[PDB]
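Report on one structure; see the data block that follows.
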2 protein chains.
Amino acid sequence: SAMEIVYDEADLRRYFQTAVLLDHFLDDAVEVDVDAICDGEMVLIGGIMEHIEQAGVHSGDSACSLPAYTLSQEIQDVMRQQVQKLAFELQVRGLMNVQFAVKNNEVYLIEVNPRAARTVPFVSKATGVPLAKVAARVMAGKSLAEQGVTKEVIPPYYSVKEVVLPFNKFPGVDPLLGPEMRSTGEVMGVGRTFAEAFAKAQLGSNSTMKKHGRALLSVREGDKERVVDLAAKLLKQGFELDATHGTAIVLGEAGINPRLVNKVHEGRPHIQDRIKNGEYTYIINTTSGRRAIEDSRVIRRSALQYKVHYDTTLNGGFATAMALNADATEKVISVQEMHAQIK
Amino acid sequence: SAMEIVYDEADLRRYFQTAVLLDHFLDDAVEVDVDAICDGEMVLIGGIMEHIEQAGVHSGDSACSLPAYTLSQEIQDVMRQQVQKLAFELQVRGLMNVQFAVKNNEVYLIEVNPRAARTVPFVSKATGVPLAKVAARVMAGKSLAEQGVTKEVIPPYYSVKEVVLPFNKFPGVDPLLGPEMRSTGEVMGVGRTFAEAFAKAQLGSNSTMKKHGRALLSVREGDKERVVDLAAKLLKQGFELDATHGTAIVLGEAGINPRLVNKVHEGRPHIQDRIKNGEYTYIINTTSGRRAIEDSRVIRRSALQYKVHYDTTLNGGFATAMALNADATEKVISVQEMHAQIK
Ligand SMILES: Nc1ncnc2c1ncn2[C@@H]1O[C@H](COP(=O)(O)OP(=O)(O)O)[C@@H](O)[C@H]1O
Ligand SMILES: Nc1ncnc2c1ncn2[C@@H]1O[C@H](COP(=O)(O)OP(=O)(O)O)[C@@H](O)[C@H]1O
Ligand SMILES: NCCC[C@H](N)C(=O)O
Ligand SMILES: NCCC[C@H](N)C(=O)O
Ligand SMILES: [Cl-]
Ligand SMILES: [Cl-]
Ligand SMILES: [Cl-]
Ligand SMILES: [K+]
Ligand SMILES: [K+]
Ligand SMILES: [K+]
Ligand SMILES: [K+]
Ligand SMILES: [Mn+2]
Ligand SMILES: [Mn+2]
């Protein structure tokens with residue numbers, strides 16, 4: 001009345017110790033951000049952003065795309081409808097932001113921020129519409145209608161925003177994502193395709209990701225299934241794979257034989273070693289659970305330490321994969337050209 | 001003054017509880033049997049048989065070859081000489097049998113049986129010399145020279161002896177080889193090459209071995225080195241592989257990436273499951289240590305229950321591998337013919 005996610009009774013207390021609003025955690029859910037302007041008369045949708053990282057990974061630290069790269073129009077429209085309702089009910093006059101979660105083709109409302117959100121600039125840039133100015137006019141007494149800004153702009157190119165985290169400034173921290181924001185800045189990637197935009201945002205954020213080498217895959221239960229496909233993509237891109245017992249087990253059941261690696265406590269060599277010897281060019285590590293987390297800490301610290309690009313979400317992993325297809329230095333475009341393409 | 005191999009002090013005691021002579025166990029040594037006859041004037045080497053399974057697996061349960069398939073002539077000549085020395089010293093008059101163990105190019109005596117041994121019949125069949133008839137004559141007073149049997153016979157073909165175990169009659173028993181004899185009988189395989197004899201011997205032993213499929217590998221520490229080769233030989237022959245945790249680690253480091261399989265405690269699916277489901281056509285499982293044994297019991301028992309061919313020794317598995325290169329149904333030969341090839 002710090003945020004944590006508890007999985008069970010034990011966990012619950014367990015947290016209590018070290019310790020109030022309880023909410024059901026919408027697992028394996030897509031997170032969405034919407035910025036919109038309302039003038040009491042109507043509502044203009046500034047932008048619908050679909051996060052790369054799932055709900056549970058703070059929006060502030062999620063990568064995102066404008067326009068959505070996976071959500072259905074249908075569903076977006078739902079969200080678009082909801083905002084409007086919210087707008088009016090709350091009697092918004094100026095900017096507003098709404099965050100949703102999409103679970104099983106269902107739309108859940110996370111929060112409503114009836115002010116300017118840190119997303120505004122990215123949206124303005126992507127769409128060519130200075131939402132801030134507009135909403136400012138709106139607040140002063142000049143309607144959207146009167147402003148001649150009434151129709152929702154859908155760019156012809158992909159705009160992906162990625163973030164930068166201060167982890168390297170505090171080595172003692174576990175460089176891992178969560179419900180609480182820790183990033184200091186963001187970059188924007190502009191592309192013809194999501195993969196392209198993403199590759200640029202990724203490169204822009206200072207990533208050491210390579211297009212070749214050996215990948216380390218160590219994912220959680222709930223991801224043990226999808227990883228299969230990500231592993232495939234990596235193989236296709238020419239990566240050689242290593243895998244921790246559990247995950248290896250799963251891949252193999254699908255036709256994928258990675259090179260099994262040892263957790264720290266299981267033998268030498270182990271991960272830390274390999275990481276340390278620059279055996280990997282990529283690491284995909286997903287964890288769920290206070291302990292498992294604590295138990296996988298070393299993987300992340302080492303990786304951060306060794307300059308190995310790594311992802312801590314599967315959705316994050318896929319985007320990285322997809323981006324392997326694109327070439328961030330292939331084509332550059334200016335903000336001006338960008339806006340020029342808008343109809 | 002029921003035998004057992006103890007690895008350490010703890011073990012020692014450990015045994016002591018459950019339970020005397022004490023003999024250093026000659027690890028990774030080749031076991032050899034030698035059948036000879038002495039008439040007080042000379043000594044006749046009937047045959048030198050090299051065991052496939054190493055010392056520690058009772059000669060009565062080991063497969064063997066006449067002539068040896070790996071021992072050097074040098075070293076066989078050393079055994080030959082010791083046999084003669086022993087024959088004379090002990091005053092043998094008739095048949096005798098000598099058991100040696102070879103380690104690091106050194107011959108060790110395991111025991112002397114001053115009488116007809118169970119290998120006699122096989123040796124006679126393989127060499128065309130009826131040792132029992134000869135030794136009987138000697139015993140009755142007709143010397144080896146008088147008889148015209150004074151030169152060792154080394155047949156032009158390989159003769160392999162394989163055994164049959166009654167484990168299927170006692171499901172409650174762990175179908176594992178060791179220092180105590182459990183076999184009820186034996187067969188013989190005759191071939192142009194070791195591979196061919198072995199193959200015939202194995203088929204004859206009612207082995208369900210197949211020339212294709214998926215193999216399961218789960219070997220002890222010591223075997224971790226030679227396994228790679230086995231794994232490779234299996235790969236060449238067109239098999240697919242599965243392996244448990246440690247084995248997998250080793251294979252990975254060698255470049256072989258088998259499909260990982262779960263130890264029963266590890267989870268699902270595990271070995272029993274797979275064995276039970278017909279996933280395997282061959283199983284190679286080695287174990288050292290009373291406790292390590294008791295644990296792995298389940299692999300061995302399922303293998304047997306399900307009729308999957310299984311080897312419990314690395315030597316054995318190699319032999320099985322060699323046999324993949326042969327066709328036990330290709331050529332047959334009568335004993336008359338075999339004998340007729342002897343010069
Ligand atoms: N019920 C929930 N299910 C899933 N994720 C949630 C839930 N509540 C919050 N989150 C996640 O936590 C973040 C923080 O929640 P929010 O109410 O937006 O906090 P803040 O005021 O810090 O922005 C969101 O960006 C989202 O990823
Ligand atoms: N010191 C030893 N090192 C290795 N193997 C040995 C040793 N002593 C005996 N063995 C193993 O035990 C078996 C039985 O020993 P042996 O003295 O021949 O017993 P038995 O009287 O039953 O024939 C051998 O065939 C061999 O595999
Ligand atoms: N947008 C958050 C940064 C992603 C980071 N590579 C991670 O996967 O943890
Ligand atoms: N030579 C004795 C039989 C061998 C059996 N396949 C085993 O390896 O245990
Ligand atoms: Cl905000
Ligand atoms: Cl005997
Ligand atoms: Cl029984
Ligand atoms: K998110
Ligand atoms: K808030
Ligand atoms: K033996
Ligand atoms: K004996
Ligand atoms: Mn929020
Ligand atoms: Mn013996």
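Order of appearance sets the numbers: ligands from 1, and atoms from 1 within every ligand. Chain letters run A, B, ... following the sequence lines, proteins first, then strands; residues in each count from 1.
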Return the name of the atom in A:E111, of element N, O or S, nearest to the K ion (ligand 9). OE1
For B:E31, what is the atom name of its N, O or S atom nearest to the K ion (ligand 10)? OE1
Quick one: do the B:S65 and B:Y158 side chains pair a donor with an acceptor below 3.5 Å? no
Taking atom types as modelled, find out whether B:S62 and B:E31 have a side-chain donor-acceptor pair closer than 3.5 angstrom. no
Report, rounded to 10°, the angle at the K ion (ligand 10) between the two atoms OG (B:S62) and ND1 (B:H51). 90°
Under 3.4 Å from the K ion (ligand 10), is there any N, O or S atom belonging to B:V57? yes
Suppose we only count N/O/S atoms under 3.4 Å; would B:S59 qualify as near the K ion (ligand 10)? no
Under 3.4 Å from the K ion (ligand 10) - does any N, O or S atom of B:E53 fall there? yes
Working to the nearest 0.5 angstrom, can you tell me the gap between B:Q99 CD and B:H51 NE2? 6.0 Å
Could you verify whether a donor N or O on one side chain and an acceptor N or O on the other, from B:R300 and B:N285, lie under 3.5 Å apart? yes
Regarding B:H309 and B:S207, is there a side-chain donor-to-acceptor distance under 3.5 Å anywhere? yes
